[PDB]
Amino acid sequence: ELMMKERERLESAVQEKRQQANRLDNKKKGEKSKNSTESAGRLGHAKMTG
RNA sequence: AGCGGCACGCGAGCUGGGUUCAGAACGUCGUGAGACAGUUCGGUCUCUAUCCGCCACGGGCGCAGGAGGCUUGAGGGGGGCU
(Lines give C-alpha, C1' and ligand atoms only; values in the text may rest on other atoms or scores of the structure.)
Protein backbone atom coordinates (compact mmCIF):
# COMPACT_ATOMS: atom_id res chain seq x y z
CA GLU A 1 0.00 0.00 0.00
CA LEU A 2 3.05 2.28 0.16
CA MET A 3 4.26 1.58 -3.38
CA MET A 4 0.83 2.69 -4.54
CA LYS A 5 1.13 5.66 -2.18
CA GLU A 6 4.77 6.74 -2.45
CA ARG A 7 4.76 6.44 -6.24
CA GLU A 8 1.51 8.30 -6.79
CA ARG A 9 3.29 11.08 -4.88
CA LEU A 10 6.26 10.91 -7.25
CA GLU A 11 4.24 11.37 -10.45
CA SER A 12 2.72 14.64 -9.21
CA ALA A 13 5.92 16.55 -8.58
CA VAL A 14 6.83 15.82 -12.20
CA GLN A 15 3.44 17.53 -12.74
CA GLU A 16 5.16 20.87 -12.23
CA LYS A 17 6.48 20.92 -15.76
CA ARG A 18 3.67 23.44 -16.27
CA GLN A 19 5.95 26.42 -15.62
CA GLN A 20 8.10 25.23 -18.53
CA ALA A 21 5.16 25.54 -20.95
CA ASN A 22 4.08 29.06 -19.97
CA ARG A 23 6.99 30.79 -21.74
CA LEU A 24 5.82 29.00 -24.90
CA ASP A 25 2.08 29.07 -24.29
CA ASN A 26 0.77 29.21 -27.83
CA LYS A 27 4.42 28.28 -28.68
CA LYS A 28 4.41 30.16 -31.98
CA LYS A 29 4.63 33.83 -31.05
CA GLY A 30 4.06 34.19 -27.38
CA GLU A 31 4.70 37.77 -26.50
CA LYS A 32 3.34 36.43 -23.28
CA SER A 33 1.42 37.87 -20.32
CA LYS A 34 4.50 38.18 -18.14
CA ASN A 35 6.80 40.09 -20.50
CA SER A 36 5.81 43.47 -19.07
CA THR A 37 6.76 42.62 -15.46
CA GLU A 38 10.36 41.53 -15.75
CA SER A 39 12.73 44.01 -13.93
CA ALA A 40 15.56 41.80 -15.25
CA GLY A 41 17.46 44.64 -16.87
CA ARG A 42 20.94 43.38 -15.93
CA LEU A 43 20.35 44.55 -12.35
CA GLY A 44 17.67 44.14 -9.79
CA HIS A 45 19.18 40.78 -8.91
CA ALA A 46 16.24 38.42 -9.42
CA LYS A 47 15.93 34.66 -9.71
CA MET A 48 15.11 33.58 -13.24
CA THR A 49 12.51 30.95 -14.09
CA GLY A 50 14.98 28.30 -15.26
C1' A B 1 -8.96 60.52 -34.62
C1' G B 2 -2.20 56.51 -38.85
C1' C B 3 2.13 52.71 -38.84
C1' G B 4 7.25 52.30 -37.59
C1' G B 5 13.05 53.32 -36.03
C1' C B 6 15.93 56.42 -32.77
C1' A B 7 20.56 50.64 -27.08
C1' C B 8 11.85 47.78 -27.23
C1' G B 9 14.73 57.23 -27.77
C1' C B 10 14.89 59.76 -23.05
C1' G B 11 16.22 58.02 -14.61
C1' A B 12 24.94 62.36 -13.79
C1' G B 13 16.35 65.27 -16.29
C1' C B 14 11.76 63.60 -12.25
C1' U B 15 8.29 59.77 -10.31
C1' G B 16 8.41 54.21 -7.90
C1' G B 17 1.93 52.02 -9.05
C1' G B 18 4.20 46.84 -11.37
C1' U B 19 7.42 41.96 -10.60
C1' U B 20 11.10 38.36 -7.26
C1' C B 21 15.26 41.71 -0.74
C1' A B 22 14.56 41.03 4.94
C1' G B 23 8.07 40.65 8.27
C1' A B 24 3.09 37.92 7.88
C1' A B 25 -1.25 34.93 6.15
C1' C B 26 -4.90 31.72 2.53
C1' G B 27 -5.12 27.34 -0.88
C1' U B 28 -1.78 23.01 -2.63
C1' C B 29 2.45 19.46 -2.66
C1' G B 30 6.23 17.33 1.35
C1' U B 31 7.04 12.99 7.64
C1' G B 32 10.32 17.61 7.73
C1' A B 33 13.49 22.41 7.23
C1' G B 34 11.14 24.92 3.38
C1' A B 35 8.81 25.74 -1.69
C1' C B 36 5.24 27.19 -5.99
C1' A B 37 5.33 33.43 -13.68
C1' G B 38 -0.84 30.71 -8.01
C1' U B 39 -3.22 35.03 -5.12
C1' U B 40 -3.00 39.29 -1.02
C1' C B 41 -1.38 44.03 2.59
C1' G B 42 3.70 46.78 3.82
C1' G B 43 8.97 48.18 2.09
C1' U B 44 16.30 54.01 1.77
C1' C B 45 16.57 56.11 -5.90
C1' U B 46 23.68 59.93 -4.33
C1' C B 47 24.38 69.13 -2.91
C1' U B 48 30.00 71.00 -6.13
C1' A B 49 30.75 69.33 -14.82
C1' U B 50 37.79 68.67 -15.97
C1' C B 51 37.10 67.61 -22.03
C1' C B 52 33.88 67.10 -26.88
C1' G B 53 28.30 69.04 -27.76
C1' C B 54 24.39 73.10 -27.20
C1' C B 55 21.98 78.16 -25.78
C1' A B 56 23.84 83.77 -25.02
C1' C B 57 27.51 87.52 -24.01
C1' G B 58 33.13 89.28 -23.71
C1' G B 59 39.11 90.17 -24.10
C1' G B 60 43.73 90.47 -27.57
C1' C B 61 46.48 90.63 -32.78
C1' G B 62 44.15 90.71 -37.84
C1' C B 63 41.70 93.25 -43.02
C1' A B 64 49.32 96.83 -44.37
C1' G B 65 48.56 105.76 -42.93
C1' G B 66 44.82 106.74 -37.74
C1' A B 67 39.43 107.56 -36.59
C1' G B 68 34.05 108.19 -36.69
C1' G B 69 29.01 107.06 -39.70
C1' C B 70 25.49 104.78 -42.80
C1' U B 71 25.27 100.39 -45.37
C1' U B 72 25.05 95.83 -50.03
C1' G B 73 24.50 90.62 -49.62
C1' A B 74 27.53 85.03 -50.67
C1' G B 75 25.31 81.85 -46.75
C1' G B 76 21.94 80.11 -42.86
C1' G B 77 17.46 80.13 -39.90
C1' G B 78 11.97 80.86 -38.68
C1' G B 79 7.17 80.73 -40.77
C1' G B 80 3.70 76.91 -44.17
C1' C B 81 -3.12 74.75 -41.14
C1' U B 82 -8.33 73.94 -41.78
# chains A, B, ... in the order shown; residues from 1 in each chain; ligands from 1

$ closest_atom_pairs --of "chain B" --to "chain A" --cutoff "9 Å" --atoms "only C-alpha atoms (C1' of nucleotides)" --output "CSV"
residue,atom,partner,partner_atom,distance
B:18,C1',A:37,CA,6.4
B:19,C1',A:37,CA,5.0
B:20,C1',A:46,CA,5.6
B:29,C1',A:13,CA,7.5
B:36,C1',A:16,CA,8.9
B:37,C1',A:34,CA,6.6
